[PDB]
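Protein chains in written order, with the entry's author numbering: chain A, 1 to 9, 40 to 70; chain B, 7 to 270; chain C, 196 to 340; chain D, 1 to 30, 44 to 257; chain E, 19 to 51; chain F, 390 to 486.
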């Protein structure tokens, strides 16, 4: 049985790629604080 | 690869390209199979030298590609380039294909050879004859006899009847094969006549087999003549035994027809 | 093969595989490739099963080591689908075909073949193999998008 | 040692009596010195064939040079003109609108696509620009080649690119100014715009052009399905109620 | 030389018969049931 | 051993950017297209958009004299034939298994 192929070399809620897309730093500070500084 | 060198107009370059192809075909057959049209066009020129070599190279390429009919046809076109028939395994495969093609061609016209049958290639007949002679020289009489029996050819089978094997044993084997293995009656009658000729030519006239031959094919006149000759030989025992054996295995019409042929 | 190959065909395939492994380890594969091509040519005439797959896979791997065309031979052989591979040579054949198709400016066809390759792999303890094939699968699927 | 080529090697042969010299060298070719000299002669012939526009001769010479350069035996490691011939062959096969073998021939080069050999960086960058719609860089780099003339293939690429841009502009536009075509297509005002529009018919003048598209042929007809869908349902029924 | 011819012809026929002998049994079982 | 098959992918990035910005917007200036794709040149933006339109990637049209791109909106895919095929495939599969 088997070959070992020598000659070559829910657990997470729900899996969607949107969750990992995020690169910002928390809406509280990166966005709301960042643009809620009175630039206007 | 080097096949592009065939584009030149120098005949010496063409010969060198043909030699290189014949030397390197065995390792790059797949890449050269797709470009056989140029080789065929070069070999098709009657005035072009070494046309037979190019035809043989094309036959080898086709055989290595896996096609039998095209390779066989090209090899037959080559002619003397396939003289060797003992060493090359490709030669053995080509010989098998040629034997099958010859048998099929003979079987196609086997129903009526004179019915405007197409001209069979003489090269195939010569190759088959050479193979038969090679088999006969190897003392393989039974295999040759069987091959000739099913080849719709009688001369090859007749020439192999008289060999190192005993005439009685070979005759018995041929009779058993004809009476048990053969199906068509048209060929059965011819085979029976061919074995009756050898039976009559035997040193000891055996009417015991003449009776069987005349019962397989209804020839009452021949049976009556054989009985009359046996009686004329002053051998009453043999004639009586032949009559007793023939009566128990014949038909009433056969006896009625032989009575008139013998007594009158 | 009265009894020569009928019992040693698997043994012959294993011997060829071991010789190829030794050559890849500490020798050259040019002579091994020529010998394998000759042996395969000798086969595929007496019989066309259990011998026309491992040799073809070894030849494809040898050509894959170099940078040859690797597609003219595969597209002419009719024994690539022996229909009896015991789910062993099919994975390697599909991986090679998918790699060639992806390297040959074709992406639509190779997806089915490489998915079959990944899904035909041994389920338990196959480590190095599903790594490269799945990596190539995600790369080419990104190529599709 | 049976060279017979040291006479007019450095001197140019502008289509002079030199074909006989090539034939004699080929006959003489018919101990790696005899191969090194033959390879050098073949490379010189391939380089000289570009100036003569001999497509079959160029193809044969390129094949011979590639075969000589692909040998793994202990020979000369590299030459000063091999990369130029490889780039010229790549440009030739790109000019023929052939892309499969184009991509198969790059993988023979291990990693020199971006490391060095700008002779390969220029054609691969040209291909990358050509694959998508970016066209300004193509004609900008067409006046910037560090390798050699390469003018035998850039003109063919220019003709093909201009034709395909003309083909593309025909779609998705119902109005355009006359001078805008002169700006987009690099012939400025050579009178070639009116003859070019004669080639690609167009319709109206008044410094304007127009096009018409329908595209309603596929919709609004249910008769075309009526037979293939009947065949499909018949197939469902056939493979649904047969004993296997 | 004819012996190799005969054996090469015999082998494939034997393989074909061996292949068909299984479908025969399947059909017989269904009919019996 | 996948570098040769990994450098030919930027075109797909441009394609997906064009498709996304066509889905999101309906009437957009080309300068914003160039800025949001950072193609470093607005002149190549019109060529890229045209090339995308020609192969059927998007169904928009651009006005050279004005500059903006007017996307074409047409939605009603349930009346289209294609769901029939999208079901035929799976039906045949389930009939074979």
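All residues carry an ideal CB built from backbone N, CA and C; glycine is no exception.
How would you label residue 226/B, buried or exposed, when you count the other beta carbons within 10 angstroms and need 16 or more for buried? Here residue 226/B refers to the residue found at position 220 when the second chain is read from its first residue. Burial call: buried.
Can you check whether the C-beta of residue 324/C is within less than 7 Å of a C-beta belonging to chain A? Start at 1 with the first residue of the third chain, and residue 324/C comes out as number 129. Interface residue, yes.
**Message:** Applying the 10 Å Cβ sphere with the 16-neighbour rule, what's the burial state of residue 269/B?
**Reply:** For the purposes of this step, residue 269/B is taken as the residue at position 263 of the second chain. Answer is exposed; the Cβ neighbour count stays below 16.
*asked:* Against chain D, with Cβ distances strictly below 7 Å, would residue 450/F count as a contact?
replied: Within the sixth chain, residue 450/F is the residue found at index 61, counting from 1. True, the Cβ-Cβ gap to chain D drops below 7 Å.
**OP:** Verify whether the separation of the beta carbon atoms of residue 84/B and residue 102/B is less than 7 Å.
**Re:** Position 78 of the second chain holds residue 84/B. Position 96 of the second chain holds residue 102/B. Against a cut-off of 7 Å, the Cβ pair of residue 102/B and residue 84/B comes out as no contact.
List, in chain order, every chain E residue whose beta-carbon is nearer than 7 Å to that of residue 98/B. Within the second chain, residue 98/B is the residue found at index 92, counting from 1. Going along chain E in sequence order, the residues near residue 98/B (Cβ under 7 Å) are 22.
message: On the DSSP letters alone, give me the boundaries of the alpha helix (DSSP H) that residue 62/D sits inside.
response: Your numbering for residue 62/D matches position 49 in the fourth chain. Here the alpha helix (DSSP H) through residue 62/D covers 46–63.
- Endpoints, alpha helix (DSSP H) assigned at residue 241/C: Indexing the third chain from 1 puts residue 241/C at position 46. In this chain, residue 241/C is not harboured by any alpha helix (DSSP H), its DSSP state being neither H nor E.
* Kindly indicate if chain C contains any beta-carbon less than 7 Å away from that of residue 37/B. => Residue mapping note: residue 37/B aligns to position 31 of the second chain, counting from 1. Judged by the 7 Å Cβ criterion, residue 37/B is in contact with chain C.
Based on DSSP bridge pairs, tell me the residues matched to residue 417/F. Looking up residue 417/F in the sixth chain gives position 28. Bridge partners of residue 417/F: 458/F.
Inspect the beta-carbon positions of residue 78/D and residue 56/D and report whether they are closer than 7 Å. Translated into positions along the fourth chain, residue 78/D becomes position 65. Translated into positions along the fourth chain, residue 56/D becomes position 43. Against a cut-off of 7 Å, the Cβ pair of residue 56/D and residue 78/D comes out as a contact.
Q) Going by C-alpha distance, which of 265/C, 226/C, 289/C, 220/C is nearest residue 308/C? A) Here residue 308/C is taken as the residue at index 113 of the third chain, counted from 1. Nearest C-alpha to residue 308/C: 289/C.
Enclosing alpha helix (DSSP H) for residue 154/D [first to last residue]: Translated into the one-based positions of the fourth chain, residue 154/D becomes position 141. Here the alpha helix (DSSP H) through residue 154/D covers 149–154.
Q. Alpha carbon to alpha carbon, how far is residue 465/F from residue 472/F?
A. Counted from its first residue, the sixth chain places residue 465/F at position 76. Counted from its first residue, the sixth chain places residue 472/F at position 83. Just so you know, the alpha carbons of residue 465/F and residue 472/F end up roughly 12 Å apart.
Within 7 Å of chain F by C-beta, residues of the region 140–151 of chain D in sequence order: 144, 145, 146, 147, 148, 149
Could you say if the region 101–118 of chain B and the region 147–162 of chain B meet the contact criterion of at least three C-beta pairs nearer than 8 Å? yes
Here's a check: name, in chain order, each residue in its chain whose Cβ is nearer than 8 Å to the Cβ of residue 88/D, leaving out the five neighbours to either side. Sequence index remark: in the fourth chain, residue 88/D carries index 75 (1-based). Excluding residues within five positions, the ones whose Cβ falls inside 8 Å are 45, 48, 49.
| said: With a threshold of 7 Å between beta carbons, is residue 120/D in contact with chain F? | reply: Here residue 120/D refers to the residue found at position 107 of the fourth chain. Closer than 7 Å: yes.
- Rounded C-beta distance between residue 408/F and residue 446/F? I'm assuming under 8 Å. Within the sixth chain, numbered from 1, the residue matching residue 408/F stands at position 19. Within the sixth chain, numbered from 1, the residue matching residue 446/F stands at position 57. Indeed, because the Cβ distance is near 6 Å, the residues count as touching under 8 Å.
Is the Cβ-Cβ distance between residue 81/D and residue 58/D less than 7 Å?
On the fourth chain, position 68 is the one that residue 81/D refers to. On the fourth chain, position 45 is the one that residue 58/D refers to. Taking 7 Å as the Cβ cut-off, residue 81/D and residue 58/D do not qualify as a contacting pair.
Would you call residue 135/D buried or exposed, if buried means 16 or more other Cβ atoms sit within 10 Å of its Cβ? The residue labelled residue 135/D in the question sits at position 122 within the fourth chain. By the neighbour-count rule (16 or more Cβ atoms within 10 Å), residue 135/D is buried.
Quick check on residue 15/D: does DSSP put it in helix, strand or coil?
For the purposes of this step, residue 15/D is taken as the residue at position 15 of the fourth chain. Correct three-state label for residue 15/D: coil.
7 Å is my cut-off, CB to CB: does residue 2/A come that close to chain C? For the purposes of this step, residue 2/A is identified with residue 2 of the first chain, where counting begins at 1. Yes - at least one Cβ of chain C is within 7 Å of the one on residue 2/A.
Which listed residue (425/F, 418/F, 427/F) has its alpha carbon closest to that of residue 454/F: Residue 454/F sits at position 65 when you count from the first residue of the sixth chain. Nearest Cα to residue 454/F within the set 425/F, 418/F, 427/F: 418/F.
Could you check whether the region 435–443 of chain F touches the region 136–148 of chain D, counting it as contact only if at least three pairs of C-beta atoms, one from each stretch, sit closer than 8 Å? Yes, the region 435–443 of chain F is in contact with the region 136–148 of chain D.
Identified DSSP bridge partners for residue 451/F:
Position 62 of the sixth chain holds residue 451/F. According to DSSP, residue 451/F bridges with 458/F.
For a contact defined as C-beta to C-beta under 9 Å, what are the partners of residue 484/F on chain D? Mapped onto the sixth chain, residue 484/F falls at position 95. Residues of chain D passing the Cβ test: 249, 252, 253.
Contact set for residue 96/D: own chain, Cβ-Cβ below 6 Å, skip 5 residues either direction:
For this step, residue 96/D is matched to residue 83 along the fourth chain. Excluding positions up to five away in sequence, the list reads 130, 132.
Cα separation between residue 257/B and residue 185/B? For the purposes of this step, residue 257/B is identified with residue 251 of the second chain, where counting begins at 1. For the purposes of this step, residue 185/B is identified with residue 179 of the second chain, where counting begins at 1. In a straight line, the C-alpha of residue 257/B is about 19 Å away from that of residue 185/B.
Decide if residue 486/F is buried, meaning its Cβ has at least 16 other Cβ atoms within 10 Å, or exposed. Walking along the sixth chain from the start, residue 486/F turns up at place 97. Looking at its Cβ environment, which holds fewer than 16 other Cβ atoms inside 10 Å, residue 486/F is exposed.
>> Just to confirm my understanding: we take residue 88/B, look at its own chain, exclude 5 residues before and 5 after, and list those with CB closer than 6 Å. What are they?
In response: Counted from its first residue, the second chain places residue 88/B at position 82. Only 81 meet the Cβ criterion.
- Could you give the DSSP three-state label for residue 190/D: helix, strand or coil? For the purposes of this step, residue 190/D is identified with residue 177 of the fourth chain, where counting begins at 1. In the structure shown, residue 190/D sits in a strand (DSSP, three-state: E or B).
TODO: Could you list which residues in chain F have their beta carbon closer than 9 Å to that of residue 14/D, in chain order?
DONE: Taking the fourth chain and counting its residues from 1, the one referred to as residue 14/D is at position 14. Per Cβ cutoff of 9 Å: no residues; residue 14/D is ~40 Å from chain F at best.
Kindly indicate if chain E contains any beta-carbon less than 7 Å away from that of residue 141/B.
Looking up residue 141/B in the second chain gives position 135. Chain E, which has a Cβ nearer than 7 Å to the Cβ of residue 141/B, makes this yes.
Check: Beta-carbon of residue 102/B versus every beta-carbon of chain E: anything under 7 Å?
Finding: Within the second chain, residue 102/B is the residue found at index 96, counting from 1. At least one chain E Cβ lies under 7 Å of residue 102/B.
Q: Grab me the residues of residue 54/B's own chain with a C-beta within less than 7 Å of its C-beta, minus the 5 sequence neighbours each way, in chain order.
A: Taking the second chain and counting its residues from 1, the one referred to as residue 54/B is at position 48. Apart from the 5 residues on each side of it in sequence, residue 54/B sits with its Cβ closer than 7 Å to the Cβ of 48 in its chain, given in chain order.
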